[PDB]
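# Structure at a glance
Here is how the chains run, residue by residue.
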There are 2 protein chains.
Amino acid sequence: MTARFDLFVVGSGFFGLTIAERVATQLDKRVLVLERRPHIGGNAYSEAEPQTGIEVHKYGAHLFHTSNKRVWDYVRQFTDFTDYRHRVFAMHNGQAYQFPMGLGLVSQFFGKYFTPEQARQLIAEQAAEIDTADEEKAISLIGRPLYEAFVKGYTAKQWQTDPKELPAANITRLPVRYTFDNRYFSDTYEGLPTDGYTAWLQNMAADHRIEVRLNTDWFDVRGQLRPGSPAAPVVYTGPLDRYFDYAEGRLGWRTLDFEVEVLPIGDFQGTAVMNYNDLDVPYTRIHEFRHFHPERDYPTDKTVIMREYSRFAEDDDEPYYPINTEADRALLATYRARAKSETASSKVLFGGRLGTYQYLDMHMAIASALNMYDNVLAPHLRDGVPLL
Amino acid sequence: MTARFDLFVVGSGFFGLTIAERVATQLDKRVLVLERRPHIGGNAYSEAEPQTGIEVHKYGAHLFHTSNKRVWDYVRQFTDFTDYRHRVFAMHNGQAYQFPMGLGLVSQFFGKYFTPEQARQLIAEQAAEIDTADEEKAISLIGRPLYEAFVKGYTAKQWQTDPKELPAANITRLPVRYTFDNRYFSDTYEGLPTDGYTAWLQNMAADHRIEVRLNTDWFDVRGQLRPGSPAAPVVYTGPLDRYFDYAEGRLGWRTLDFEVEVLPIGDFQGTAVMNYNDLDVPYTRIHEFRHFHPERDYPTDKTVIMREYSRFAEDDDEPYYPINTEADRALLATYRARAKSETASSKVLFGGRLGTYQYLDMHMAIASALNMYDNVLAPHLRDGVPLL
Ligand SMILES: Cc1cc2nc3c(=O)[nH]c(=O)nc-3n(C[C@H](O)[C@H](O)[C@H](O)COP(=O)(O)OP(=O)(O)OC[C@H]3O[C@@H](n4cnc5c(N)ncnc54)[C@H](O)[C@@H]3O)c2cc1C
Ligand SMILES: Cc1cc2nc3c(=O)[nH]c(=O)nc-3n(C[C@H](O)[C@H](O)[C@H](O)COP(=O)(O)OP(=O)(O)OC[C@H]3O[C@@H](n4cnc5c(N)ncnc54)[C@H](O)[C@@H]3O)c2cc1C
């Protein structure tokens, strides 16, 4: 029997699309990508806002960075990168602060300049208030003043829970920089895709051997599709608990809501991203998208901002970050065993952030897929090797 | 009569080494560079400090930047560049501030966050205290409070004059940035030479057709050199007024003193460069040289700092920045007429910061040299075209 496709990929985020592109192009195979949303790219999807023309990241700000030379070389086949270098500011009590915690924030907050060494001693003294051994571990690492100003209100909004009520294991290191360096990321390579994320994502899928089906949920079509390509493996990047119909209970997740507003002014905040650390401000962050692409010709009489909000994901909400409690990890342990049998019996592989129950940045999602490809999928499809 | 040299160059700064390298290399000519100092490079000269091995810019911090692609291409034949991006902080009243003046400093100084528009309005208000048309012009541009904090004591220590007694025309514009962007330079290309300035400078002079004599003043040797190479032009990059025996008077310059200190700590200030704005601090700036090269394996227990002091130059001080009074400009106009006579009668060309009485950045010095090479020197040496 002639097969219609050689591989199915469920999900068109960076993990799915990396899988699909390597298999199409390197093995010369036919791939079908099923995407349940109205567009490709998963949460890295971007779109120009109509009134301004400004490219908006639809599901929050997506900053690209890596120290992996392979990933860097790979991504630049599909896009050029800009020389953008990410910096973040924090708003606390009507004042904007250099961020993350370093000499700049420390001198601003405490009202005078501290030397690298005077700052080391200052933090060590305030942190001494609680021993890390026995509000949190946070205080025990950075002191009560820095905690109550920059970590308490912001954690309470992210988790939608009082920090006294979250596990101490949640934080392992809460470092202060003892230098004035406020470059957010510390990786070798960084920038924004010059023509945006959506152009990059399409170029990943542009090969003629890759078909993408939008508005198509895998659980609606899998029974109509596999019979016609019965030997094709399935690379599944949707929710792991959902794959098994939630039989063992639901994995806990946190969502985000976004309010995009267009303002009749050129510049709302003078930077790309402002953290709002205070509990009395309902959003965690404001993004101002013009500052992501200074090099573009954007109108100077208008701007687009996005307010980002965290909440408790109800059943139905889009999953973004794992809550990862002790009961979630037993449940993940359970579903991992179920997945391992589904690989042996049905050729379904589990990958990506949802398939795996892990937060993954883009570069880690791409490297993960390159690994799945090199070690699991390429040996199976090209040679004979079992998928297990 | 057989010539010993095809060209003489006086001074081995960036202007003079550019001239010398282009003529030696492109035209196949023998060049003699006379340098009065014990080392080449002029003021861009750098050296390893003995106790730590940290490379010190001997005559002040030198940061390379250009928007001129021809120059960027040219300079990369002799050195690689680092990804360093210059930022400057300012110390005022025991507190460290983001610099230059923008949203970061404005919010720090006044102790509340100002929106881009709110900060435009604030500065418009305060600067309305004095009209520019009719202390300084400075107050009329940025208002009294930011002038008295960040400009008053700094200009005073630089010029060694109360600003009440300095020309209004000495400030053209005094811009406040209405974003949080604190990158100091605005050029396309920026970085530090990977192997330092001295390695870069030595490479420019490396061709076998270039001869350098150090510890040699032109005025001592010119009479014994020119008879043997009578047709060689001279490119003079030394002081303009010194060339003509100061016979019309002396051009006014400002000098700098540098105090190098090795300290038994790993980090003194957490950044490359700290400006000291207060009048009651005798020095103008502290450079800390490890932060110019974080990619190097510098000791974590020792550090080199340099304090920079500005003063009234005396007759036998090193010239750095032109004073540029209306009387200097008339003096300059007189010497430029003397210079042009000298070009006509004995083939002496005047170039560089000293030979021209101008402050010149490295890249503008290099571009100016390429211009004299293209348009004046090469057609003379190649074809016989007059120098004027
Ligand atoms: C708020 C936000 C900000 C982020 N910022 C950054 C950043 O700054 N830098 C960075 O490196 N990373 C960032 N990330 C991560 C980035 O989005 C990654 O690319 C992604 O998290 C991991 O890739 P993925 O392909 O596994 O998942 P996804 O991008 O989520 O792809 C999954 C796709 O599968 C689809 N799908 C699910 N179930 C089905 C089904 N049953 N049938 C068909 N399709 C299905 C979904 O619709 C989705 O399109 C951010 C993420 C979020 C949530
Ligand atoms: C405080 C300081 C900081 C600076 N920072 C920067 C910076 O950050 N970025 C930047 O781009 N530029 C900077 N510059 C400018 C930089 O040094 C340039 O390279 C220079 O100003 C222009 O080059 P030049 O060759 O004309 O001058 P010079 O480097 O001064 O060259 C003049 C040479 O001529 C020699 N000479 C003079 N008379 C005689 C004679 N009679 N006989 C023999 N030799 C003679 C001198 O000894 C000297 O070596 C800085 C300069 C100073 C002083």
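Judging from the entry metadata, X-ray crystallography is the method by which this structure was determined, and 2.25 Å is the reported resolution.

## Brief notes about the sheet that holds strand β2 (residues 31-34) of chain B
Residues and elements named next belong to chain B. Strand order across the open sheet formed by 5 strands is β9-β2-β1-β10-β16, with parallel pairing between neighbours. Strands at the two margins of the open sheet, each flanked by one partner only, are β9 (210-213) and β16 (348-350). Adjacent strand axes in the sheet meet at a mean angle of 20° when their direction is disregarded. Two elements, strand β1 (residues 7-10) and strand β10 (residues 234-236), share 3 bridges in a ladder whose sense is parallel. Bridge pairing in β10 links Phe8 to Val234. Each of β1, β10 and β16 is contacted by helix α13 (residues 362-383), which is oriented at about 170° to β16, the strand it contacts most.

## Here's the deal with the site of ligand 2
All names here are of chain B. Every one of the 32 residues lining ligand 2 counts as a neighbour, but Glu35, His62, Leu63, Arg353 and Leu360 are closest to it. The contact in question runs from an oxygen atom of ligand 2 to an N or O atom on the backbone of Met362, over 2.9 Å. Among the elements of the structure, α1 (14-26), α9 (218-225), α12 (352-356) and α13 are those that each provide at least two residues to the shell around ligand 2. Residues belonging to the shell around ligand 2 are distributed by class as follows: 17 nonpolar, 9 polar and 6 charged.

## Thoughts on the packing of aromatic side chains
All names here are of chain B. Across all of its chains, the model carries 67 aromatic pairs over all chains by this definition. Centroid distance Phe110 to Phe114: 6.2 Å. Interplanar angle 75°. Geometry classified as edge-to-face. With 5.9 Å between their ring centres and 70° between their planes, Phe219 and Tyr243 make a pair best called edge-to-face. In this pair, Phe219 sits in helix α9 while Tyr243 sits in helix α10 (residues 240-243), placing the two residues 24 residues apart along the sequence. In this structure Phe219 comes out as buried when scored by relative accessible area, which is 18%. For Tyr243, a relative accessible area of 7% puts it in the buried group.

## With respect to the UniProt feature "binding site: UDP-alpha-D-galactose" in chain A
All names here are of chain A. UniProt feature "binding site: UDP-alpha-D-galactose": in the numbering of this structure it lies at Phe150, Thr155, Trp159, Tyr184, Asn275, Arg285, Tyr321 and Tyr359. A maximum C-alpha distance of 22.9 Å is found for the annotated residues, which run over 210 residues; spatially they are spread out rather than grouped. You can see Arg285 is positioned in strand β13 (residues 285-288). Those residues within four positions of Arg285 in sequence are excluded, and the remaining contacts are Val88, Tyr154, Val273, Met274, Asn275, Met306, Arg307 and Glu308. At 3.3 Å, the side chain of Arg285 forms a polar contact with the side chain of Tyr154. Its place among the elements puts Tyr359 in the loop between β16 (348-350) and α12 (362-382). Residue classification places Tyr359 among the partly exposed positions, given a relative accessible area of 46%. Ignoring sequence-local partners within four residues, the contact set of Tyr359 consists of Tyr321 and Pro322.

About the criteria used
- Residues numbered from 1 in each chain as written, not as in the entry; some residues may be left out.
- Chains lettered and ligands numbered in written order.
- Heavy atoms only, no water.
- Pairing = 2+ DSSP bridges.
- Helix = DSSP H or I, 4+ residues; strand = E, 2+ residues; numbered from the N terminus.
- Axes fitted to C-alpha atoms, helices over the stretch in contact; angles between N-to-C directions.
- Contact = heavy atoms within 4.5 Å.
- Near = heavy atom within 4 Å.
- Polar contact = N/O pair within 3.5 Å; in protein donor to acceptor, adjacent residues only side chain to side chain.
- Nonpolar A, V, L, I, M, F, W, Y, C, P; charged D, E, K, R; others polar.
- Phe/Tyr/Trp six-rings, centres within 6.5 Å; stacked < 30°, edge-to-face > 60°.
- Buried < 20%, exposed > 50% of the residue type's maximum accessible area, 1.4 Å probe, protein only.
- UniProt positions renumbered as here; feature names shortened; annotations may be inferred.

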